[PDB]
């Protein structure tokens, strides 16, 4: 049946994207009820960006300094404030399309959908995983700040990321919707580098289970391993140590497939040491780590291909 890096349907979020302008700087904002959220750096300029003092910069602005556009309609800003690295603009109109929602702070290894936006207009959507080093490998150009990351459960939209910047290695950094950054990054153009990254062990294992669920058992073996023996191979290959909580999270998958977690870890340790044989797993030649156990259950058949 297939396995694809799938994003959540984006409609509920498209209806909340707006454009915000300050002087010469334009970016995207998120319009929920009567508030528009956006990167606070929209109040920056040419040199403002290396060493901005936002408190200082902001006291110099008025509600009318902000130009909010909801499609073709102009939104009148009736108050403003700064919350960590975001600005909260109150506006006179309440977004008619606001969906049920909440703000969440996603954890390293978890995945979400990103709605790339430009000038308040949605451009495309893809799934990303929050990397252990707190960056995400997205696809963003200038104009994309304020684009959001989210998950949907039932008809509730859980926003979890707002884009703010790109680091030297081409990776991306941003904040949750309270404006607190993921990672040790700050919104100023002083040199910063992403920390060293690791492979997300739990996801790679979840992906092997998915590979087995829609048939495909070639990489399995008759061995098993203990957690520690596994973790010694893991350290060697720059993988995150596996833990008992991780072993427990893989219970449902384990059960549905009839393959013990440590047997799967034994399988993974062999893959790590013996390479792949020019063979592929779920159409892939590398071990994928951007799918959570949750993502696998959501997408795969609730019935294994025995």
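In this text, rigid core is short for the largest set of C-alphas that superpose within 1.5 Å between two forms. Positions refer to the first chain, counted from 1.
After a core fit, the C-alpha atoms in 9 other deposited structures of this protein lie farther on average from the shown form in one of 187-195 and 156-164, namely 187-195. Judged by mean Cα B factor in the deposited record, 92-100 ranks above the other of 191-199 and 92-100.
Looking at 50-58 and 33-41 together, the entry lists the larger mean B-factor for 50-58, computed on C-alpha atoms. Highest C-alpha temperature factor among 238, 28, 273, 244, as the PDB entry reports it: 273.
Highest CA B-factor among 134, 76, 137, 105, as stated in the entry: 76. Residue 122: CA B factor lies in the middle third for its chain, per the PDB record. Annotation for residue 142: C-alpha temperature factor in the middle third relative to the rest of the modelled chain, per the entry.
The deposited CA B-factor of residue 84 belongs to the middle third of values across its chain. Remark: residue 166 belongs to the lowest third of its chain, ranked by C-alpha B-factor as recorded. Remark: residue 176 belongs to the lowest third of its chain, ranked by C-alpha B-factor as recorded.
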